[PDB]
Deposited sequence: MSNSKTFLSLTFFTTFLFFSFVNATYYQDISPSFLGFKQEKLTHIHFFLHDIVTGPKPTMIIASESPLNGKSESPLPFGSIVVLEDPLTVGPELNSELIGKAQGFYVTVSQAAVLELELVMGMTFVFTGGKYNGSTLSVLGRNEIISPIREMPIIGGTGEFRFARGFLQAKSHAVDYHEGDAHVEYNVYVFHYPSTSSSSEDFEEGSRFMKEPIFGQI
């Protein structure tokens, strides 16, 4: 009535904001042309029983949609690579992942987040850290959470 909480930008301060981003990643392995490929197959290709033996390198350019249907509203790509890092895994596989997200659509059109984290696919919820970012996401500090082709993503990141 006689008071309002305003933005520190009024007095010229650059407060940090917390931003929750939601989207779906589609790693597509079957199709006329898919989205990820084996950049270098694992030396134990012949011996392991795993479809992706220890030490496979995969690179990927997965689209990011607003909802779980593939033809949902595109908002960005996830580009980068993962690497198979569980010697014992056969199907329940474990990955280290180095991907960046690039967004197109809205405030964050052009802004990118970077990730490097450990993803053990069998887990219901999988947590990797938001390493940093560009554009609006400069000075990013945060994490993400992937549930599970198409994976639900929940990103929380501090920036300005």
**OP:** Compare what was deposited with what's modelled and send me the C-alpha-less stretches, numbered from 1.
**Re:** 1 to 24, 173 to 181, 194 to 218
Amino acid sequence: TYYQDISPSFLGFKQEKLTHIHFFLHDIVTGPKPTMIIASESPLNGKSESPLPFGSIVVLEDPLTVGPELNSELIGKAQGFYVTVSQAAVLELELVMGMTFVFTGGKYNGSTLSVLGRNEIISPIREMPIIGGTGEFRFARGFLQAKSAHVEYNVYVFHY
From here on, numbers count along this sequence of modelled residues.
Subject >> 39 to 47 set against 52 to 60, stretch whose average Cα temperature factor tops the other in the entry >> reply: 39 to 47
Subject >> Mean Cα B-factor comparison, 99 to 107 or 66 to 74, giving the higher one as deposited >> reply: 66 to 74
**OP:** Looking at the entry's B-factor column for C-alpha atoms only, identify whether residue 145 ranks in the lowest, middle or highest third of its chain.
**Re:** middle
Original post:
What third of the chain, by the recorded C-alpha B-factor, contains residue 133?
Top reply: lowest
Original post:
If you rank every modelled residue in this chain by C-alpha B factor, which third holds residue 121: lowest, middle or highest?
Top reply: middle
Original post:
Would the CA B-factor of residue 154 place it in the lowest, middle or highest third of its chain?
Top reply: middle
Original post:
Relative to the other modelled residues in the chain, which third contains the C-alpha temperature factor of residue 89: lowest, middle or highest?
Top reply: highest
